[PDB]
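S.K.: Order-wise, the sequence lines are chains C and 5. With PDB author numbering as the guide, the letters of the first sequence map in order to residues 1 to 135, 168 to 566. With PDB author numbering as the guide, the letters of the second sequence map in order to residues 21 to 197, 207 to 245. Even for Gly, the Cβ is constructed at its ideal location relative to N, Cα and C.
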Amino acid sequence: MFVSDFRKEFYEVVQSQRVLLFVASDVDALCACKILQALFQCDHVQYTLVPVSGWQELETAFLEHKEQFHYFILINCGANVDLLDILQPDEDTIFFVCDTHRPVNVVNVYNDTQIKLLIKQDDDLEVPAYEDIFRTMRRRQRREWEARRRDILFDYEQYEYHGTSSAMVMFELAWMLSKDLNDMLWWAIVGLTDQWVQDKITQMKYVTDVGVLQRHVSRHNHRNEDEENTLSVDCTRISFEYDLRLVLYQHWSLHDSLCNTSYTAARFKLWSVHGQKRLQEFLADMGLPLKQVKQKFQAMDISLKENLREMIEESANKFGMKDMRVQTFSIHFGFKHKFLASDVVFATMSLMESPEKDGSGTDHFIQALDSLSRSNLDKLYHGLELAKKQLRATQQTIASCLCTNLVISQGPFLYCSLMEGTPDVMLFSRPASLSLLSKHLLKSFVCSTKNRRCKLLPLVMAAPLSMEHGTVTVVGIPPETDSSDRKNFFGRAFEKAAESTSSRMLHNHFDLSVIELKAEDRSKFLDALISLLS
Amino acid sequence: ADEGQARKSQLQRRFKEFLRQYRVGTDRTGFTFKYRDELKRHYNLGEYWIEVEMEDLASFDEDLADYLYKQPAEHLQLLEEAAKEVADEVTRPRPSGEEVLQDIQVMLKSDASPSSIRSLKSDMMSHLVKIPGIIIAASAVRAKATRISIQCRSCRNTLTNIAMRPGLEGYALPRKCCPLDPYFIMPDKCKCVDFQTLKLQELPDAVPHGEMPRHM
Ligand SMILES: [Zn+2]
């Protein structure tokens with residue numbers, strides 16, 4: 001069932017109870033977890049928090065914890081599968097699901113007693129009616177009904193996508209509880225910006241949600257400040273910004289940010305030998321000295337920093353980059369700490385997807401989660417350093433793939449693969465960073481090629497996972513277009529291709545468009561996908 | 021001119037308030053007045069110097085940082101005087117034998133990427149520059165006067181506490197009190222500081238191909 005009011009029939013229920021949080025390892029999940037943590041700590045709710053990153057891990061943790069806890073909250077996981085089938089719970093347990101994944105599984109939708117969904121009912125949802133999904169001429173009519181059922185269920189389950197941010201949902205709950213702090217609002221903003229950075233949502237939906245959060249920012253600012261008398265410099269001040277699309281440009285030199293932003297790198301073809309000259313054309317059009325552009329931004333001359341955004345916008349317009357400016361937010365506190373929401377997103381993501389072989393992925397999750405609090409600001413800066421390394425490695429990998437021409441058409445989709453032992457393949461072994469790399473690589477490819485048909489294709493990308501088990505991760509990306517809905521069918525396509533091939537596919541990740549394959553299975557699996565997409 | 025003195029006093033007050041008000045930390049953990057405490061501990065240790073980061077000064081007051089970058093010779097004197105008076109109000113009262121206040125050397129540092137010796141063209145003159153290199157020679161420490169007193173040789177009148185410009189530049193003695210050069214410098218009534226000239230060779234990584242290494 002959908003929860004109609006989070007306050008009464010979710011929060012006031014669990015407020016009297018011991019709770020278990022399962023949280024996915026993504027930045028939106030981390031922000032929603034932080035908001036809910038702060039609420040529970042205000043109300044002395046005895047919660048336990050468990051990270052998870054796949055179905056096997058969630059099943060293991062639930063089997064470990066099922067006896068002691070009756071109330072469970074799943075953040076950014078569980079909505080798009082039958083939780084009762086997967087977990088096999090006792091009937092007295094209750095699962096709250098604040099998950100952005102769409103479409104919601106019909107069993108979770110119509111299970112009234114046990115599965116409760118912390119999902120907005122005014123999100124883009126098209127759930128089929130109950131009578132269409134659940135129960168001689170009567171036999172013929174029944175078989176016709178079953179044919180209708182399979183057709184409508186395939187139409188419902190074909191495309192997966194993402195709804196409103198879980199962090200935004202939790203901040204809505206905090207606002208209804210009248211316990212919303214400025215830091216909670218910042219976590220909500222970072223949660224939305226995670227979806228925008230990873231291209232999980234459309235630009236229109238992102239603009240709408242930014243319009244929602246603008247009102248909350250204005251309310252929080254005018255809560256205790258006006259234009260006549262102001263707060264201490266120590267206090268956090270969140271400001272709406274119509275800022276630049278360039279990544280981490282306030283902590284870098286502008287040259288590095290123009291080099292490693294996927295947008296500008298794809299436009300100017302900076303992987304190519306000619307791309308640096310095109311970048312120099314752009315910089316000379318702006319009139320910025322190269323010794324200033326290659327200097328760190330905080331050390332750049334303030335005469336140049338005065339109107340840099342207008343300069344970059346108006347040069348980008350005539351160079352063909354039509355949407356260089358983006359609606360976003362920034363947070364200021366103290367004298368010297370200034371971050372964009374995209375900066376916090378990249379830092380936390382790099383901490384979580386860090387390639388270091390220390391401890392465990394749960395350890396990297398813990399470092400990422402700690403970095404979202406201002407008492408652990410050093411972790412945030414360290415995450416920014418890791419983001420520098422990650423973005424440089426991303427551009428190196430894209431340059432390698434395009435120069436050696438690993439990205440190759442195979443009919444209805446482009447195909448690419450990373451070989452073992454190549455530079456910085458370890459950084460993209462993990463599925464989430466691989467999905468991000470595939471998106472950036474597809475943007476670079478469609479900006480590079482002259483073939484108008486190839487600009488319309490989706491991308492399938494693979495990389496090694498475990499040589500000892502002989503497995504590869506595989507991800508599927510929809511076509512990269514300006515007006516895409518960011519819906520993709522590769523979940524069901526992978527499932528149906530694997531079933532039609534009897535392939536050894538482990539479906540452990542929460543996105544259905546991310547899978548693990550036994551490596552030798554890839555040839556017949558790819559052939560099946562080619563025959564399927566046709 | 022009173023307008024000029026007003027400008028100097030305003031800039032000195034702004035540097036004073038930077039050293040008085042700058043903090044690091046967050047409300048979730050706590051705050052420490054970085055340069056206040058550095059001044060206090062260094063003065064109590066008898067060190068009489070501090071190390072002001074240009075990035076911190078830019079964050080507090082970007083105009084001061086820009087002025088100190090473009091015109092360091094003008095503004096470093098004001099910054100040092102501001103540090104001296106901040107040290108006075110931060111440290112006093114002081115025990116016996118420590119009544120007289122001591123001058124404070126405000127060193128400074130930056131997180132900016134450095135330039136190079138061959139990048140130092142004529143347009144960089146009188147600006148702040150940050151260059152790497154290797155020290156190949158180091159002079160013995162020698163005394164340079166910062167303030168002098170000059171006494172007329174004939175009639176024994178005295179001009180006292182004449183401020184000497186910093187650096188290797190000198191001072192021109194007046195030709196009017207008597208002879209054409211009336212004055213001699215009093216060797217006792219003058220205050221001097223250690224100074225040391227060095228030769229900074231260009232980094233071998235930074236030498237262009239086929240060139241000998243420059244030095245500065
Ligand atoms: Zn005389």
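Taking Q327 (chain C) as the query, report the chain 5 residues whose CB atoms sit under 7 Å from its CB, ordered along the chain.
M.R.: Within 7 Å Cβ-Cβ: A132 and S133.
S.K.: Among the residues of its own chain, which have a CB less than 8 Å from the CB of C479 (chain C), if the five just before and after it don't count?
M.R.: Excluding positions up to five away in sequence, the list reads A298, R299 and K301.
S.K.: For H364 (chain C), write down the residues that DSSP places opposite it in a beta bridge.
M.R.: BP columns for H364 (chain C) point to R269 (chain C) and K370 (chain C).
S.K.: So, with DSSP's three-state summary, where would you put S449 (chain C)?
M.R.: Strand, per DSSP.
S.K.: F95 (chain C) and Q114 (chain C): beta carbons closer than 8 Å?
M.R.: Yes. Within cutoff.
S.K.: Just how far apart, CA to CA, sit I154 (chain 5) and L322 (chain C)?
M.R.: Approximately 27 Å, taken between the alpha carbons.
S.K.: Please determine whether the Cβ atom of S174 (chain 5) lies at a distance below 7 Å from any heavy atom of ligand 1.
M.R.: Yes, since a heavy atom of ligand 1 falls inside the 7 Å radius drawn around the Cβ of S174 (chain 5).
S.K.: Count the C-beta pairs between the segment 392-404 of chain C and the segment 263-273 of chain C that are closer than 8 Å, then say yes if the count reaches three, no if not.
M.R.: No, the segment 392-404 of chain C is not in contact with the segment 263-273 of chain C.
S.K.: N181 (chain 5) and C197 (chain 5) look like a contact to me (Cβ under 8 Å); what is the Cβ gap, rounded to whole Å?
M.R.: 18 Å between Cβ atoms; not a contact.
S.K.: Quick check on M245 (chain 5): buried or exposed, where buried means 16 or more other Cβ atoms within 10 Å of its Cβ?
M.R.: By the neighbour-count rule (16 or more Cβ atoms within 10 Å), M245 (chain 5) is not buried but exposed.
S.K.: Does any residue of chain 5 bring its CB to less than 8 Å from the CB of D266 (chain C)?
M.R.: Interface residue, yes.
S.K.: Step through the CB atoms of chain C and report whether any lies within less than 8 Å of the CB of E37 (chain 5).
M.R.: Judged by the 8 Å Cβ criterion, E37 (chain 5) is not in contact with chain C.
S.K.: For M74 (chain 5), count neighbouring Cβ atoms within 10 angstroms of its own Cβ and tell me buried if that reaches 16, exposed if not.
M.R.: Looking at its Cβ environment, which holds 16 or more other Cβ atoms inside 10 Å, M74 (chain 5) is buried.
S.K.: Cα separation between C219 (chain 5) and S289 (chain C)?
M.R.: If I take the Cα positions, the gap works out to 54 Å.
S.K.: Report the three-state DSSP secondary structure of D223 (chain 5) (helix, strand or coil).
M.R.: It is a strand residue.
S.K.: For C172 (chain 5), tell me which candidate among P186 (chain 5), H147 (chain 5), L209 (chain 5) and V149 (chain 5) has the shortest Cα-Cα distance.
M.R.: Of the candidates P186 (chain 5), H147 (chain 5), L209 (chain 5) and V149 (chain 5), the one whose C-alpha sits nearest the C-alpha of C172 (chain 5) is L209 (chain 5).
S.K.: Select from the segment 43-75 of chain 5 all residues with a C-beta closer than 9 Å to any C-beta belonging to chain C, and list them in chain order.
M.R.: So the list reads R43, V44, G45, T46, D47, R48, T49, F51, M74 and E75, given in the order they occur along the chain.
S.K.: Quick one: what does DSSP say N339 (chain C) is sitting in, helix, strand or coil?
M.R.: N339 (chain C) falls in the coil class under three-state DSSP.
S.K.: So, does the CB of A331 (chain C) fall closer than 8 Å to a CB anywhere in chain 5?
M.R.: Yes, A331 (chain C) counts as interfacial toward chain 5.
S.K.: Just tell me which of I334 (chain C), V249 (chain C), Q427 (chain C) and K237 (chain C) has its CA closest to the CA of residue 567 (chain C).
M.R.: Limits of chain C in this structure are 1 at one end and 566 at the other, which puts residue 567 (chain C) out of reach.
S.K.: Quick one: which chain 5 residues come within Cβ less than 9 Å of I334 (chain C)?
M.R.: The contacting residues are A78, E82, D83, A85 and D86.
S.K.: Use the C-beta contact count for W177 (chain C): other C-beta atoms within 10 angstroms, 16 or more gives buried, fewer gives exposed.
M.R.: The residue is exposed, with fewer than 16 neighbouring Cβ atoms inside 10 Å.
S.K.: Using DSSP's beta-bridge definition, name the partner residues of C98 (chain C).
M.R.: DSSP output for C98 (chain C) lists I75 (chain C) as bridge partner(s).
S.K.: Please report the straight-line C-alpha distance between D333 (chain C) and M451 (chain C), rounded to a whole angstrom.
M.R.: Roughly 44 Å separates the two Cα atoms.
S.K.: Using DSSP's beta-bridge definition, name the partner residues of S498 (chain C).
M.R.: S498 (chain C) pairs with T503 (chain C).
S.K.: Check this for me: beta carbons of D28 (chain C) and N76 (chain C), under 8 Å apart or not?
M.R.: A contact, by the Cβ cut-off of 8 Å.
S.K.: Near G523 (chain C), what residues of its chain come up, given a Cβ to Cβ distance below 6 Å and the 5 sequence neighbours on each side ignored?
M.R.: Cβ neighbours of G523 (chain C) beyond the five flanking positions: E192, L544 and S545.
S.K.: Just list the residues that DSSP pairs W69 (chain 5) with in beta bridges.
M.R.: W69 (chain 5) is bridged to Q125 (chain 5).
S.K.: Do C221 (chain 5) and ligand 1 come close, with the Cβ less than 7 Å from some heavy atom?
M.R.: For ligand 1, not one heavy atom lies less than 7 Å from the Cβ of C221 (chain 5).
S.K.: Ligand 1 and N177 (chain 5): does the residue's C-beta get closer than 7 Å to at least one heavy atom of that ligand?
M.R.: True, at least one ligand heavy atom lies under 7 Å from that Cβ.
S.K.: For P490 (chain C), which option in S465 (chain C), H539 (chain C), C435 (chain C) and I562 (chain C) has the closest C-alpha, if you only look at C-alpha atoms?
M.R.: When only C-alpha atoms are compared, the closest one is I562 (chain C).
S.K.: Residues in the same chain with beta-carbon distance under 7 Å from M216 (chain C), minus the five sequence neighbours each way, listed in chain order, please.
M.R.: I35, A38, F203 and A206, listed in sequence order.
S.K.: At a CB-CB cut-off below 9 Å, which residues of chain 5 make contact with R406 (chain C)?
M.R.: In chain order: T46, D47, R48 and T49.
S.K.: May I have the straight-line CA-CA distance separating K475 (chain C) from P510 (chain C), to the nearest angstrom?
M.R.: Their Cα atoms are separated by approximately 11 Å.
S.K.: Please report the straight-line C-alpha distance between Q91 (chain 5) and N408 (chain C), rounded to a whole angstrom.
M.R.: Those two C-alpha atoms are separated by around 37 Å.
S.K.: Starting from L409 (chain C), find everything on chain 5 with Cβ-Cβ shorter than 8 Å and list it in chain order.
M.R.: Within 8 Å Cβ-Cβ: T46.
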